[PDB]
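First, one chain by itself in structure tokens, the form deposited in one PDB entry.
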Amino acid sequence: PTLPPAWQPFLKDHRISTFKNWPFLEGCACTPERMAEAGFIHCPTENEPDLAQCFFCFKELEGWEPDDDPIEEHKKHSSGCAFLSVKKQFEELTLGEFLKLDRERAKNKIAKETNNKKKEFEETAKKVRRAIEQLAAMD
């Protein structure tokens, strides 16, 4: 209401709130506060119940261990992510700055969708190619 849904993930408090059933709490370095401070949203599936995604660059990481530092993991796995460079707090950004960042996020989202479609297409290509080789082979 006060901020549009599509922009809520920019907010730490929103992000923390996504961690309804995170296994790692007090005593662990990767607590929800720390995951959220690093950009991660919680995306648990059947197969991967610890799945986390950067809201900004869309990198997905599973297999969290208690001693994992979310910032170092984000730096390691997705070094190019602009969000890691944002030193200012949200209220302190200028709208130009904020709009610039949301453009970059939109480009990141497209890049991710695109890279996905590519890999899915390449896999379909492999199937079809195989099927056609088999037929030439029988022949």
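For clarity, a rigid core is taken as the largest C-alpha set superposing within 1.5 Å between two forms. Residues that one form lacks are left out of the comparison. Throughout, we count residues from 1 along the sequence that is shown.
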* Between 1 to 9 and 128 to 136 (mean CA B-factor, as deposited), the higher -> 1 to 9
* Check the entry's C-alpha temperature factors for 63 to 71 and 93 to 101, then say which stretch has the higher mean. => 63 to 71
* **Residue, from 108, 79, 53, 85, that the PDB entry assigns the highest Cα B-factor** => 79
* **Chain thirds of CA B-factor: placement of residue 20** => highest
* Asked: Against its chain's modelled residues, does residue 46's Cα B factor rank lowest, middle or highest third?
  -> highest
* **Third assignment of residue 113 from its chain's C-alpha B-factors** => middle
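In what follows, reference is made to the form deposited in another entry, a form of this protein that is not presented.
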* Rigid core fitted, then: does residue 124 show a CA shift of 2 angstroms or greater between the shown form and the other one? -> yes
* To do: Using the rigid core for the fit, write out the stretches of 3 or more consecutive residues with CA shifts of 2 Å or more between the shown form and the other one, ordered by sequence.
  => 121 to 137
